[PDB]
Amino acid sequence: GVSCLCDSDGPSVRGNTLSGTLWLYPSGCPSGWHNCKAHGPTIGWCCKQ
């Protein structure tokens, strides 16, 4: 799958590395996921299950 930095990624904190998942879907997060990026990217989207 394709991961991306969540709002919780960047700093050195537990769970680090790009652990979320990006959705190319026009609204990002699919029903069954949650959300993990209130913003970036500016094309597709970034969420987490």
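Residues numbered from 1 in each chain as written, not as in the entry; some residues may be left out. Heavy atoms only, no water.

> Just checking my understanding: could you explain the UniProt feature "disulfide bond" in the protein chain for this structure?
Between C4 and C46, where UniProt places a disulfide, the sulfurs come within 2.0 Å of each other, which fits a bond. Taken together, the positions of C4 in the segment before β1 (21-23) and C46 in strand β2 (residues 45-47) put the pair 42 residues apart, joining distant regions of the chain. Accessibility assignment for this pair places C4 and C46 in one class, buried. (Disulfide = S-S within 2.5 Å. UniProt positions renumbered as here; feature names shortened; annotations may be inferred. Helix = DSSP H or I, 4+ residues; strand = E, 2+ residues; numbered from the N terminus. Buried < 20%, exposed > 50% of the residue type's maximum accessible area, 1.4 Å probe, protein only.)

> Help me understand unusual backbone geometry, please; the structure alone is not making it clear to me.
Across the chain, the bulk of peptide bonds are trans and the bulk of non-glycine residues have phi less than zero. A cis amide bond, omega 5°, links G40 with the succeeding residue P41. By secondary structure assignment, the location of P41 is in the loop between β1 and β2. Positive phi values are uncommon outside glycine, yet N35 reaches one of about 135°. Mapped onto the fold, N35 is located in the loop between β1 and β2.

> Can you help me understand the state of the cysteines in this one?
Working definition of a disulfide: a covalent bond connecting the sulfur atoms of two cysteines. Taken as a whole and assessed by the stated rule, the structure comprises 3 disulfides. Shown here is the disulfide that connects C4 with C46, its sulfur atoms set 2.0 Å apart. Between the sulfur atoms of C29 and its disulfide partner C47 the distance amounts to 2.0 Å. When the S-S torsion is -55°, as for the bridge of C29 with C47, the disulfide is left-handed. With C29 in the loop between β1 and β2 and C47 in strand β2, this pair connects stretches of sequence that are 18 residues apart. Each bonded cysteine of the protein chain is numbered by sequence order, and under that numbering the disulfide pairs are 1-5, 2-4, 3-6.

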